[PDB]
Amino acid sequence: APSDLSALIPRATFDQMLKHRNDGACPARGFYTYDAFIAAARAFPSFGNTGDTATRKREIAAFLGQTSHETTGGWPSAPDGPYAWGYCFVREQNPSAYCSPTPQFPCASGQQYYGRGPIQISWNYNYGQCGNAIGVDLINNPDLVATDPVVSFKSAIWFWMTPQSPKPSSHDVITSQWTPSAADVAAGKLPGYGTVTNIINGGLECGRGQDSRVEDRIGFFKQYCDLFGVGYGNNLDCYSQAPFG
């Protein structure tokens, strides 16, 4: 029913979800704008536009939930709780090179590929693939992900939308466009938020029982689903899944 992404998630709804990102304690304050989120989403037109209204909202809640975790400034006694403190930072706290050079994706001398933006995109080969897809030279200018908020949001929606075999895209998983193979079922990878967590960081966070990072991902997702007035779906954790390679 909402005709486009702006109607699906109005400015006031986005700002309620990301309620503390512009607080004085957040190093990225003033950076992540609603306008940049809407403008960036144009590069991936099926994002938030796949499925019925509930599914579209669940996708946006899941995207905001995962990226909120990646950039959270929350703590247990934070005002409005830890799931109101997404999007608090934009650069990984401590820098590292994150360089693994190949002929396809070199490392530009002098550049560092530490986490930046909503999905904390890292490594020259990820910046390289992302930049090729969105039309920006992120090998030579990776810090554009932290200085231009439309490039920042494009990098995170690129990640969300892009399959990387053997992984499906997070998009396809959360919008019921992906069905598990028999092997995927044996690996516990069923459609839902947990399989998205596995796609994002399962090699560290999944298959090891309850994990505080995963609990934080889920809490943000539930908070945003609650605001949208939609249910969470099933299979929310990845606690006994096999990690994707």
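The first residue of the shown sequence is 1; numbering continues from there.
For the two regions 183 to 191 and 24 to 32, the entry's Cα B-factors average higher over 24 to 32. On average the C-alpha atoms of 41 to 49 have higher B-factors than those of the other stretch, with 41 to 49 and 192 to 200 being the two compared. The residue among 122, 112, 152, 164 whose C-alpha atom has the highest B-factor in the PDB entry is 164. Remark: of 126, 175, 96, 72, 175 shows the highest value [criterion: C-alpha B-factor in the PDB entry]. In this PDB entry, the Cα temperature factor of residue 157 sits in the bottom third of its chain's modelled residues, the lowest group. Annotation for residue 135: C-alpha temperature factor in the middle third relative to the rest of the modelled chain, per the entry. Annotation for residue 90: CA B-factor lies in the middle third of the chain's modelled residues. Ranked by C-alpha B-factor against the other modelled residues of its chain, residue 144 falls in the middle third. When the modelled residues of the chain are ordered by their C-alpha B factor, residue 17 lands in the middle third.
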